[PDB]
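A quick write-up on the structure given underneath.
A quick note on method: Cβ atoms are made from the backbone with ideal geometry, for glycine too, and the neighbour counts reach across all protein chains shown. Computed from the coordinates by the stated procedures, all read-outs in this text should not be read as laboratory data.
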Amino acid sequence: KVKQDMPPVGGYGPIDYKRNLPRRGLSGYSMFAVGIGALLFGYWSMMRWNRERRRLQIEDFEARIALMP
Amino acid sequence: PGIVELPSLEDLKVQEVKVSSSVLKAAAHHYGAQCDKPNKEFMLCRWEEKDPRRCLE
């Protein structure tokens, strides 16, 4: 008969050993640019809302002071 | 040493405003708008002479 030992048609195809750890492109300083940007949004909006809340504050004190007598 | 005098009970017992703070708040905003001819005057009264029981009228 023939022999049943293993090796097949040669090569088993290619195999990739070498190291790969790629792909993060979002990082220049521009990460700072987007974060600091987010701050620049927060202070804008929050500024507005605190102004509004002061307006309400004066209005409430007006309620009280009109009550006082 | 000095004896205080307080007005007769009937010097009090004038009128009533009975409402919750809630209604009195916004309604207060509007009358504080249109009223206050008497009561600001009242405030220079009990503020200037200050003796509650002096100005209660």
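Miscellaneous remarks
Results for (1) of a type in the set (D, E, K, R); (2) part of a helix (DSSP H, G or I), shown as yes or no for each residue.
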| site | (1), (2) |
| --- | --- |
| A:4 | no, no |
| A:9 | no, no |
| A:13 | no, no |
| A:18 | yes, no |
| A:22 | no, no |
| A:35 | no, yes |
| A:39 | no, yes |
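- With respect to the conditions (1) over 19 Å from the mean Cα position of the chain (by Cα); (2) of a type outside the set (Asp, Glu); (3) surrounded by fewer than 10 Cβ atoms within 10 Å (Cβ to Cβ), residue A:24 lacks only one, and its number is (1).
- Being under 19 Å from the mean Cα position of the chain (by Cα) and not charged (D, E, K, R) is true of residue A:32.
- Criterion: hydrophobic (A, V, I, L, M, F, W, C), touching a residue at least 12 places away in the same chain (Cβ under 8 Å) and touching a helix residue (DSSP H, G or I) at 6+ places or on another chain (Cβ under 9 Å) - qualifying residue of B:56, B:12: B:56
- Positions within the stretch B:43-56 being within 14 Å of another protein chain (Cβ to nearest Cβ) and either loosely packed, with under 10 Cβ neighbours inside 10 Å or not basic (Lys, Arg) (or both), in sequence order: B:43, B:44, B:45, B:47, B:52, B:55, B:56
- Residues satisfying the stated conditions in the stretch B:17-42, i.e. of a type in the set (A, V, I, L, M) and either more than 8 Å from every other protein chain (Cβ to nearest Cβ) or loosely packed, with under 14 Cβ neighbours inside 10 Å (or both): B:17, B:19, B:23, B:26, B:27, B:33
- Verdict on residue A:36 being surrounded by 10 or more Cβ atoms within 10 Å (Cβ to Cβ), over 30 Å from residue B:30 (Cα atoms) and of a type in the set (A, V, I, L, M, F, W, C): yes
- Qualifying residue in the stretch B:29-41 (condition: within 16 Å of residue A:62 (Cα to Cα), touching a helix residue (DSSP H, G or I) at 6+ places or on another chain (Cβ under 6 Å) and part of a helix (DSSP H, G or I)): yes
- Residue A:69, sole failed condition from (1) outside any helix (DSSP H, G or I); (2) of a type outside the set (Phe, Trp, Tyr); (3) exposed (fewer than 10 other Cβ atoms within 10 Å of the Cβ): (3)
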